[PDB]
$ cat query_8.pdb   # PDB, C-alpha atoms
ATOM      1  CA  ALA K   6      10.503 -10.878  15.721
ATOM      2  CA  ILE K   7       8.490 -11.618  12.492
ATOM      3  CA  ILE K   8       7.674  -7.971  11.584
ATOM      4  CA  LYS K   9      11.129  -6.740  10.468
ATOM      5  CA  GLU K  10      12.249  -3.091  10.513
ATOM      6  CA  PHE K  11      11.797  -3.086   6.690
ATOM      7  CA  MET K  12       8.856  -5.011   5.118
ATOM      8  CA  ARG K  13       7.450  -5.353   1.634
ATOM      9  CA  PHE K  14       3.847  -6.150   0.622
ATOM     10  CA  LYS K  15       1.864  -7.300  -2.428
ATOM     11  CA  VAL K  16      -1.775  -6.198  -3.051
ATOM     12  CA  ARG K  17      -4.607  -7.124  -5.419
ATOM     13  CA  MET K  18      -7.951  -5.267  -5.488
ATOM     14  CA  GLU K  19     -11.080  -6.532  -7.294
ATOM     15  CA  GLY K  20     -13.448  -3.547  -7.586
ATOM     16  CA  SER K  21     -16.650  -2.178  -9.083
ATOM     17  CA  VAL K  22     -17.632   1.543  -9.052
ATOM     18  CA  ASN K  23     -21.077   2.474 -10.447
ATOM     19  CA  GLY K  24     -20.906  -0.962 -12.192
ATOM     20  CA  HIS K  25     -17.461  -0.325 -13.803
ATOM     21  CA  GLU K  26     -15.397  -3.474 -12.857
ATOM     22  CA  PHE K  27     -11.612  -3.227 -12.522
ATOM     23  CA  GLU K  28      -8.570  -4.964 -11.006
ATOM     24  CA  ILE K  29      -5.470  -3.283  -9.494
ATOM     25  CA  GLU K  30      -2.202  -4.955  -8.532
ATOM     26  CA  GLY K  31       0.570  -3.357  -6.534
ATOM     27  CA  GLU K  32       3.696  -3.827  -4.473
ATOM     28  CA  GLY K  33       4.904  -1.650  -1.655
ATOM     29  CA  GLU K  34       7.533  -1.271   1.034
ATOM     30  CA  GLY K  35       8.192   0.636   4.224
ATOM     31  CA  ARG K  36       9.362   0.745   7.809
ATOM     32  CA  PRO K  37       6.545  -0.612   9.978
ATOM     33  CA  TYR K  38       7.923   0.794  13.280
ATOM     34  CA  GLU K  39       8.701   4.241  11.771
ATOM     35  CA  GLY K  40       5.225   4.716  10.241
ATOM     36  CA  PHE K  41       5.924   5.294   6.546
ATOM     37  CA  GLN K  42       5.442   3.343   3.344
ATOM     38  CA  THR K  43       5.253   3.609  -0.444
ATOM     39  CA  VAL K  44       3.328   1.591  -3.034
ATOM     40  CA  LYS K  45       3.404   1.234  -6.809
ATOM     41  CA  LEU K  46       0.009   0.305  -8.346
ATOM     42  CA  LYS K  47      -1.218  -0.535 -11.853
ATOM     43  CA  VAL K  48      -4.780  -1.006 -13.180
ATOM     44  CA  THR K  49      -4.532  -4.533 -14.725
ATOM     45  CA  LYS K  50      -8.249  -4.777 -15.861
ATOM     46  CA  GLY K  51     -10.900  -2.148 -16.701
ATOM     47  CA  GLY K  52      -8.475   0.776 -17.263
ATOM     48  CA  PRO K  53      -8.528   3.629 -17.725
ATOM     49  CA  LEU K  54     -10.817   4.106 -14.694
ATOM     50  CA  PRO K  55     -13.783   6.426 -15.372
ATOM     51  CA  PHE K  56     -13.706   7.821 -11.757
ATOM     52  CA  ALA K  57     -11.359   9.665  -9.335
ATOM     53  CA  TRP K  58      -8.338   7.735  -8.055
ATOM     54  CA  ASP K  59      -8.797   9.406  -4.649
ATOM     55  CA  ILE K  60     -11.691   7.049  -3.585
ATOM     56  CA  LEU K  61      -9.246   4.060  -3.996
ATOM     57  CA  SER K  62      -6.140   5.671  -2.474
ATOM     58  CA  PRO K  63      -6.994   4.861   1.233
ATOM     59  CA  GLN K  64      -7.552   1.178   0.387
ATOM     60  CA  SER K  69      -1.841  -0.973   5.233
ATOM     61  CA  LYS K  70      -2.191  -0.563   9.013
ATOM     62  CA  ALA K  71       0.856  -2.761   9.915
ATOM     63  CA  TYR K  72       2.949   0.340   9.139
ATOM     64  CA  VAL K  73       1.679   2.747  11.868
ATOM     65  CA  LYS K  74       4.270   4.168  14.309
ATOM     66  CA  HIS K  75       3.089   3.491  17.897
ATOM     67  CA  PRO K  76       4.836   4.566  21.104
ATOM     68  CA  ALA K  77       5.732   1.638  23.399
ATOM     69  CA  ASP K  78       2.775   2.308  25.770
ATOM     70  CA  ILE K  79       0.018   1.931  23.056
ATOM     71  CA  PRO K  80      -0.452  -1.737  22.104
ATOM     72  CA  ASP K  81       0.228  -2.216  18.377
ATOM     73  CA  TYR K  82      -2.719  -4.645  17.983
ATOM     74  CA  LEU K  83      -2.477  -4.964  14.187
ATOM     75  CA  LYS K  84       1.283  -5.814  14.261
ATOM     76  CA  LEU K  85       0.596  -8.307  17.140
ATOM     77  CA  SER K  86      -1.971 -10.054  14.885
ATOM     78  CA  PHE K  87       0.823 -11.528  12.660
ATOM     79  CA  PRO K  88       1.712 -13.973  11.316
ATOM     80  CA  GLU K  89      -2.013 -14.851  10.882
ATOM     81  CA  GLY K  90      -2.861 -11.158  10.419
ATOM     82  CA  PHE K  91      -6.133  -9.246  10.400
ATOM     83  CA  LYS K  92      -9.174  -8.326   8.334
ATOM     84  CA  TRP K  93     -10.836  -4.959   7.864
ATOM     85  CA  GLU K  94     -14.291  -3.873   6.686
ATOM     86  CA  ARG K  95     -14.956  -0.234   5.750
ATOM     87  CA  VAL K  96     -17.883   1.993   4.782
ATOM     88  CA  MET K  97     -17.278   5.418   3.193
ATOM     89  CA  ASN K  98     -20.364   7.655   2.866
ATOM     90  CA  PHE K  99     -19.786  10.655   0.590
ATOM     91  CA  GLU K 100     -21.632  13.958   0.973
ATOM     92  CA  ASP K 101     -23.507  13.520  -2.412
ATOM     93  CA  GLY K 102     -24.844   9.972  -1.675
ATOM     94  CA  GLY K 103     -21.968   7.915  -3.105
ATOM     95  CA  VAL K 104     -21.102   4.858  -0.968
ATOM     96  CA  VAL K 105     -17.936   2.721  -0.934
ATOM     97  CA  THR K 106     -17.792  -0.616   0.956
ATOM     98  CA  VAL K 107     -14.508  -2.474   1.284
ATOM     99  CA  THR K 108     -13.326  -5.767   2.759
ATOM    100  CA  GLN K 109      -9.665  -6.651   3.135
ATOM    101  CA  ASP K 110      -7.501  -9.549   4.308
ATOM    102  CA  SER K 111      -3.936  -8.922   5.559
ATOM    103  CA  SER K 112      -1.606 -11.892   6.073
ATOM    104  CA  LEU K 113       2.171 -12.590   6.103
ATOM    105  CA  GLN K 114       3.609 -15.169   3.655
ATOM    106  CA  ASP K 115       7.315 -15.916   3.032
ATOM    107  CA  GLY K 116       8.336 -12.658   4.822
ATOM    108  CA  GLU K 117       6.033 -10.264   2.830
ATOM    109  CA  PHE K 118       2.573  -8.912   3.729
ATOM    110  CA  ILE K 119      -0.191 -10.120   1.401
ATOM    111  CA  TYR K 120      -3.201  -7.830   0.936
ATOM    112  CA  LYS K 121      -6.459  -8.904  -0.749
ATOM    113  CA  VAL K 122      -9.064  -6.129  -1.281
ATOM    114  CA  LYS K 123     -12.673  -6.226  -2.564
ATOM    115  CA  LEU K 124     -14.370  -2.875  -3.186
ATOM    116  CA  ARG K 125     -17.878  -1.784  -4.279
ATOM    117  CA  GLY K 126     -18.793   1.859  -5.006
ATOM    118  CA  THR K 127     -22.377   2.829  -5.854
ATOM    119  CA  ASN K 128     -24.765   5.797  -6.119
ATOM    120  CA  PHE K 129     -22.108   8.298  -7.330
ATOM    121  CA  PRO K 130     -23.863  11.008  -9.416
ATOM    122  CA  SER K 131     -22.780  10.476 -13.074
ATOM    123  CA  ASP K 132     -21.809  14.251 -13.157
ATOM    124  CA  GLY K 133     -20.363  14.481  -9.583
ATOM    125  CA  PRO K 134     -16.667  15.053  -8.651
ATOM    126  CA  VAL K 135     -15.896  11.285  -8.433
ATOM    127  CA  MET K 136     -17.320  10.173 -11.831
ATOM    128  CA  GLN K 137     -15.951  13.456 -13.422
ATOM    129  CA  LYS K 138     -12.442  13.244 -11.805
ATOM    130  CA  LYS K 139     -12.501  16.704 -10.120
ATOM    131  CA  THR K 140     -10.501  15.681  -6.999
ATOM    132  CA  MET K 141      -6.747  16.262  -6.521
ATOM    133  CA  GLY K 142      -5.773  14.261  -3.407
ATOM    134  CA  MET K 143      -6.883  14.412   0.192
ATOM    135  CA  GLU K 144      -5.988  16.442   3.264
ATOM    136  CA  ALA K 145      -4.076  14.928   6.174
ATOM    137  CA  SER K 146      -6.530  13.425   8.662
ATOM    138  CA  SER K 147      -6.712  11.951  12.182
ATOM    139  CA  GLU K 148      -8.361   8.529  12.414
ATOM    140  CA  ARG K 149     -10.067   8.196  15.825
ATOM    141  CA  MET K 150      -9.409   4.658  17.101
ATOM    142  CA  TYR K 151     -11.240   2.784  19.885
ATOM    143  CA  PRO K 152     -11.760  -0.804  21.003
ATOM    144  CA  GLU K 153     -15.312  -2.179  20.637
ATOM    145  CA  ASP K 154     -16.803  -5.742  20.595
ATOM    146  CA  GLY K 155     -13.305  -7.341  20.570
ATOM    147  CA  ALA K 156     -12.067  -5.341  17.513
ATOM    148  CA  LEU K 157     -10.349  -2.020  16.823
ATOM    149  CA  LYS K 158     -12.613   0.595  15.249
ATOM    150  CA  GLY K 159     -11.582   3.722  13.394
ATOM    151  CA  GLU K 160     -13.642   6.765  12.419
ATOM    152  CA  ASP K 161     -12.487   9.578  10.126
ATOM    153  CA  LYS K 162     -13.758  12.368   7.910
ATOM    154  CA  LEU K 163     -11.813  12.375   4.659
ATOM    155  CA  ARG K 164     -11.641  15.750   2.906
ATOM    156  CA  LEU K 165     -10.941  15.128  -0.824
ATOM    157  CA  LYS K 166      -9.404  18.264  -2.368
ATOM    158  CA  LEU K 167     -11.433  19.749  -5.230
ATOM    159  CA  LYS K 168      -9.361  21.303  -8.029
ATOM    160  CA  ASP K 169     -11.844  24.233  -8.121
ATOM    161  CA  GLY K 170     -10.868  25.047  -4.500
ATOM    162  CA  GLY K 171     -12.950  23.412  -1.743
ATOM    163  CA  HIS K 172     -13.477  19.900  -0.309
ATOM    164  CA  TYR K 173     -15.635  16.792  -1.032
ATOM    165  CA  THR K 174     -16.389  15.010   2.279
ATOM    166  CA  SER K 175     -16.461  11.283   3.134
ATOM    167  CA  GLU K 176     -17.339   9.897   6.593
ATOM    168  CA  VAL K 177     -15.382   6.661   7.056
ATOM    169  CA  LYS K 178     -15.955   3.895   9.592
ATOM    170  CA  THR K 179     -13.664   0.862   9.651
ATOM    171  CA  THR K 180     -13.485  -2.285  11.791
ATOM    172  CA  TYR K 181      -9.966  -3.816  12.050
ATOM    173  CA  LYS K 182     -10.176  -7.365  13.528
ATOM    174  CA  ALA K 183      -7.115  -9.454  14.379
ATOM    175  CA  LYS K 184      -7.465 -13.163  13.450
ATOM    176  CA  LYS K 185      -6.357 -13.970  17.060
ATOM    177  CA  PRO K 186      -7.331 -11.941  20.181
ATOM    178  CA  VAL K 187      -4.058 -10.058  20.899
ATOM    179  CA  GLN K 188      -3.993  -6.979  23.138
ATOM    180  CA  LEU K 189      -6.340  -4.108  22.171
ATOM    181  CA  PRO K 190      -5.270  -0.521  22.892
ATOM    182  CA  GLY K 191      -7.443   2.043  24.621
ATOM    183  CA  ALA K 192      -8.949   4.892  22.585
ATOM    184  CA  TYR K 193      -6.227   6.843  20.721
ATOM    185  CA  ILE K 194      -5.599   8.855  17.522
ATOM    186  CA  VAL K 195      -3.605   8.052  14.352
ATOM    187  CA  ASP K 196      -2.414  11.119  12.389
ATOM    188  CA  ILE K 197      -2.161  10.191   8.664
ATOM    189  CA  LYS K 198      -1.018  11.926   5.480
ATOM    190  CA  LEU K 199      -1.466  10.102   2.135
ATOM    191  CA  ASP K 200       0.209  11.659  -0.951
ATOM    192  CA  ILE K 201       0.020  10.604  -4.641
ATOM    193  CA  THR K 202       3.721  11.026  -5.503
ATOM    194  CA  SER K 203       3.420  10.234  -9.250
ATOM    195  CA  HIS K 204       0.818   9.062 -11.778
ATOM    196  CA  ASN K 205       0.516   8.624 -15.509
ATOM    197  CA  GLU K 206      -2.026  10.864 -17.415
ATOM    198  CA  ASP K 207      -4.957   8.370 -17.035
ATOM    199  CA  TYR K 208      -4.049   7.030 -13.526
ATOM    200  CA  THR K 209      -3.496   3.437 -14.803
ATOM    201  CA  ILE K 210      -0.093   3.665 -12.967
ATOM    202  CA  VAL K 211      -0.005   5.418  -9.539
ATOM    203  CA  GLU K 212       2.531   5.745  -6.689
ATOM    204  CA  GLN K 213       1.481   6.677  -3.140
ATOM    205  CA  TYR K 214       3.374   7.593   0.047
ATOM    206  CA  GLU K 215       1.761   7.468   3.490
ATOM    207  CA  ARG K 216       2.944   8.450   6.960
ATOM    208  CA  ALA K 217       0.964   7.375  10.035
ATOM    209  CA  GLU K 218       1.626   7.782  13.777
ATOM    210  CA  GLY K 219      -0.467   6.873  16.799
ATOM    211  CA  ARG K 220      -0.614   9.140  19.808
ATOM    212  CA  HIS K 221      -2.687   9.704  22.938
ATOM    213  CA  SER K 222      -5.764  12.014  22.612
ATOM    214  CA  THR K 223      -5.217  15.661  23.797
ATOM    215  CA  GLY K 224      -9.014  15.786  25.047
TER     216      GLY K 224
END
$ encode --input "query_8.pdb" --output "structure tokens"
Amino acid sequence: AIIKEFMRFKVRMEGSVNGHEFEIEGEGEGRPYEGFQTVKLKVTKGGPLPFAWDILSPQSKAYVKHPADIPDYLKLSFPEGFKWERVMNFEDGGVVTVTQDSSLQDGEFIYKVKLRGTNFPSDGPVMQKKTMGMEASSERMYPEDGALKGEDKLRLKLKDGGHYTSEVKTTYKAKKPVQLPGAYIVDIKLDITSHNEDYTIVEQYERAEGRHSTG
């Protein structure tokens, strides 16, 4: 009974993008079983960021709605929790690597994130802030080597019409070997609900629901 129907979380990211170091702190809340959440974030060091918010926005899988018949591996991992490791390869040679620890302390999730972005063209859409959010996506989930893997193609919206593509691969590993699901799909929509002019303060909303594959 330790994941309640309403849960809050605290997050700190230590990051570097093309050598620009920054820190972000945030707090969020949501309904883990209903698959939605919100977060309020502030850049506490290295603001304003000289790159697009949208590469940071996808950096909280306890809050995915799962039907009863798909094991909710990442909720089962608590109280100890889980770790994740991610690579994002962007279509113009930019690369983001991320590691994250998720734990539960005094009834709140605690998130610790380390991020490195490199090889973004100084004049590309990320370093020139030409993105305006991302499309809804479907993360393709499967068990492998005792972990849960996810693969997605993120389509960052360009202001000028069009999309800037990232292939994303993530490993989500519970700190104790609770029940893995079979292969399945998680439909996700992440929205930036508000921001200040320079994106030193940002609010996000996400909805996520697991389902069986069609095909």
$ resolve_selection --input "query_8.pdb" --expression "the PyMOL selection byres ((chain K and resi 155) around 12)" --output "count of residues only"
20
$ atom_distance --input "query_8.pdb" --atom1 "atom CA of residue K:144" --atom2 "atom CA of residue K:55"
22.5 Å
$ resolve_selection --input "query_8.pdb" --expression "the PyMOL selection byres ((chain K and resi 61-69) around 8)" --output "NGL selection string"
:K and (58-60 or 70-72 or 107 or 122 or 199 or 213)
$ resolve_selection --input "query_8.pdb" --expression "the PyMOL selection byres ((chain K and resi 196) around 10)" --output "VMD selection string"
chain K and resid 73 to 74 145 to 149 194 to 195 197 to 198 216 to 220
$ residues_around --input "query_8.pdb" --residues "stretch 12-17 of chain K" --least-positions-apart "4" --cutoff "9 Å" --atoms "only C-alpha atoms" --output "ChimeraX atom specification"
/K:8,28-37,44,46,69,72,113,116-123
$ decode --input "query_8.pdb" --residues "stretch 72-92 of chain K" --atoms "N, CA, C and O atoms" --output "short mmCIF file (atom, residue, chain, number, x, y, z; two decimals), in the first residue's frame"
data_model
loop_
_atom_site.label_atom_id
_atom_site.label_comp_id
_atom_site.auth_asym_id
_atom_site.auth_seq_id
_atom_site.Cartn_x
_atom_site.Cartn_y
_atom_site.Cartn_z
N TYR K 72 4.20 7.00 -12.43
CA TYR K 72 2.88 7.59 -12.66
C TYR K 72 2.32 7.15 -14.02
O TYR K 72 1.67 7.94 -14.68
N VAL K 73 2.52 5.93 -14.41
CA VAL K 73 1.92 5.39 -15.67
C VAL K 73 0.69 4.55 -15.30
O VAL K 73 0.78 3.64 -14.48
N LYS K 74 -0.43 4.81 -15.94
CA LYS K 74 -1.65 3.99 -15.77
C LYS K 74 -1.44 2.64 -16.45
O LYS K 74 -1.04 2.62 -17.62
N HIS K 75 -1.61 1.57 -15.71
CA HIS K 75 -1.48 0.19 -16.25
C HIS K 75 -2.77 -0.55 -15.94
O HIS K 75 -3.26 -0.50 -14.80
N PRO K 76 -3.34 -1.29 -16.92
CA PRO K 76 -4.43 -2.19 -16.59
C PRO K 76 -3.92 -3.32 -15.69
O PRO K 76 -2.73 -3.54 -15.60
N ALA K 77 -4.83 -3.98 -14.99
CA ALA K 77 -4.48 -4.94 -13.92
C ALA K 77 -3.58 -6.05 -14.47
O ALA K 77 -2.73 -6.58 -13.70
N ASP K 78 -3.78 -6.44 -15.73
CA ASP K 78 -3.12 -7.61 -16.34
C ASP K 78 -1.72 -7.27 -16.89
O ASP K 78 -1.10 -8.17 -17.44
N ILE K 79 -1.24 -6.04 -16.81
CA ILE K 79 0.17 -5.72 -17.18
C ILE K 79 0.90 -5.34 -15.90
O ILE K 79 0.55 -4.37 -15.21
N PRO K 80 1.88 -6.15 -15.48
CA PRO K 80 2.61 -5.88 -14.24
C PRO K 80 3.22 -4.48 -14.25
O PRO K 80 3.88 -4.11 -15.23
N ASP K 81 2.96 -3.74 -13.19
CA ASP K 81 3.45 -2.35 -13.05
C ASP K 81 4.80 -2.42 -12.33
O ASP K 81 4.91 -2.05 -11.17
N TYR K 82 5.79 -2.96 -13.03
CA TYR K 82 7.15 -3.23 -12.54
C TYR K 82 7.74 -2.04 -11.78
O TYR K 82 8.33 -2.21 -10.70
N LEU K 83 7.67 -0.85 -12.35
CA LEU K 83 8.29 0.32 -11.70
C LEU K 83 7.55 0.74 -10.43
O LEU K 83 8.22 1.17 -9.45
N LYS K 84 6.25 0.59 -10.32
CA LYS K 84 5.59 0.80 -8.99
C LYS K 84 6.00 -0.30 -8.00
O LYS K 84 6.20 0.01 -6.81
N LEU K 85 6.11 -1.54 -8.48
CA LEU K 85 6.45 -2.71 -7.60
C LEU K 85 7.84 -2.53 -7.01
O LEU K 85 8.12 -3.15 -6.00
N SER K 86 8.68 -1.71 -7.64
CA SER K 86 10.10 -1.57 -7.25
C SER K 86 10.19 -0.83 -5.92
O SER K 86 11.25 -0.91 -5.26
N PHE K 87 9.17 -0.09 -5.51
CA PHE K 87 9.21 0.72 -4.26
C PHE K 87 9.02 -0.18 -3.05
O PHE K 87 8.47 -1.29 -3.15
N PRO K 88 9.50 0.20 -1.84
CA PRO K 88 10.07 1.53 -1.59
C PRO K 88 11.50 1.83 -2.09
O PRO K 88 11.88 3.00 -2.20
N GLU K 89 12.28 0.79 -2.36
CA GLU K 89 13.68 0.94 -2.79
C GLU K 89 13.74 1.80 -4.06
O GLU K 89 14.47 2.80 -4.11
N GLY K 90 12.89 1.45 -5.03
CA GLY K 90 12.75 2.17 -6.28
C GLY K 90 13.56 1.57 -7.41
O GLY K 90 13.76 0.37 -7.45
N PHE K 91 13.95 2.44 -8.33
CA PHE K 91 14.53 2.01 -9.62
C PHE K 91 15.47 3.08 -10.14
O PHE K 91 15.51 4.21 -9.60
N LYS K 92 16.29 2.68 -11.08
CA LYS K 92 17.23 3.57 -11.78
C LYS K 92 16.87 3.54 -13.26
O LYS K 92 16.41 2.51 -13.74
#
